[PDB]
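What follows is one chain in structure tokens, specifically the form deposited in one PDB entry.
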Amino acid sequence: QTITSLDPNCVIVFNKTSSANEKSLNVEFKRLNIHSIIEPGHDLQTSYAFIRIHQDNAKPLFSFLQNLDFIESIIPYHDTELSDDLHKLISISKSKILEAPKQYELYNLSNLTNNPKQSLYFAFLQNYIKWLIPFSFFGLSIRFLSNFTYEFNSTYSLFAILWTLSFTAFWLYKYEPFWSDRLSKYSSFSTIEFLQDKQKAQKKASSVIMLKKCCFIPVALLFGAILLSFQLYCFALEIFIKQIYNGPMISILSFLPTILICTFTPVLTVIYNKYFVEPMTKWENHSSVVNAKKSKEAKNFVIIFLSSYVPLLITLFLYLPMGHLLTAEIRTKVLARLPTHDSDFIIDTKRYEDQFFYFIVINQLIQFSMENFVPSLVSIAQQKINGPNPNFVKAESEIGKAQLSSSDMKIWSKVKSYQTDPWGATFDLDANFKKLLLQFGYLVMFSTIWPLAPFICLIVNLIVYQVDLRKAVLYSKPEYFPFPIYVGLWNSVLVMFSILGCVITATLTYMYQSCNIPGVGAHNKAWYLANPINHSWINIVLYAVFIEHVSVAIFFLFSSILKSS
């Protein structure tokens, strides 16, 4: 028999190290009625079991596999008809790329793959694009019709606040409940949950778990304080180098704070996870691995939020508002006798523009490249440095021994890519949702600086939707079966981002629409010696609090109206 004729619907990758037990025969005698082909795997000590299970012999086989407890993973392989349907769906998606994705395509994808995670993520992405289209058109109208007075526009800020609140409420109470109900209709067997949640006694005292989660709040506060302190130090060093330094090579030295922060953040994150996040999440004793992963994501988002949004917050709330104070004798009050300018300290009136352009254009491309091209380049470099870098080889020898045909080799290579290739890993809902929410946070907090940010985000999200759909449908390891075999944190992050973005947008429009900085917002030769903002810090803070309360009330009203429907 050949693998192509068998047309496997499932692949069992298991270790054959225990040749004394001879796992292969135990695996064969279990499948007394369903035919299978077992071939050596990518590793020396692993083998693939290509099987043709159906609705009938699914539950007993999977119960035996769970009892066997030496199976690495179970892959619900896509049959020929399913692969052809998915390829047709991908080709249809490729056509009309400029047009917004249609939700009937989402229905078809959810019907075919039966994957609640992928369908939920792509539903969020489709809703995001559909809502970004009018936002992009309004941003273009504000940018070009209003001409020079496009920064910190009151009209744009009101539209942005209303759009943020309505989009968040609509997703939370109109579209996400729809998709959760439709995907719980399937609620099909998930192989990743199996062989990871066995002997689920549970009774883990959910109250004690919640109490243990609260015990991490001091640790999160401490590490956030350390990171924020180092970010402030790096910002101060950058300002010192660029403005009040008189060195020969200030152009080269201006990259030093960037290197320092981009080196300190990974090391701090490594220490954070190794010594606090992992041990304390273990101590929480979560019943399920999904809950433990959610807890780790919640703990780790404190660092990601600060690393993402602290620079712009610093620029817009500490640097520009308080830059005239550094002009005074504070500089001379603050040891190596480096050459420093003795003239007045003038703030960079275009610092926020450049920073937001980087964080909304260049950073998006950088993250896209890191998540798409970087793993493949790393794998290619590893193979170039050492041909058989893991020294397992076994591939050409397996081809010679098995005499596999072209289609057999294609299926074997697909399974090997599932097991080893980074792009073949299981679809990660958390990572994609995190990246989308970071882009959303940038857009809803700082887009009043540049009304074209929604348009950039729309184009980026169209391309990202196409690429992610291709990857999840064609390369990602399948997780769900067509037949039964017997968001959470990011919603809270979205709500917090919406409230914070409304607050920050309104406050930034308040301070900077009619400020004294030339060329900032709407329309003295010594403007930099006085307060650039025409409102006292008391007014700014009170206005921020008032806008926070107003936004919370409006979101509550929207949530009530949509929940009633």
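Basically, rigid core = biggest C-alpha set you can superpose within 1.5 Å across the two forms. Sequential numbering from 1, following the sequence displayed.
The same protein also exists as the form deposited in another entry; that form is not shown, yet it is the one meant from here on.
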Residue showing a 2 Å-or-more C-alpha displacement between this form and the one not shown once the rigid core is overlaid, selected from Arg182, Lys130, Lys296, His87: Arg182
If I superpose the two forms on their rigid core, does the C-alpha of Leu25 end up displaced by 2 Å or more between this form and the one not shown? no
Working note: in that other deposited form the C-alpha atoms of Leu183 and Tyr104, off by 3 Å or more, come farther
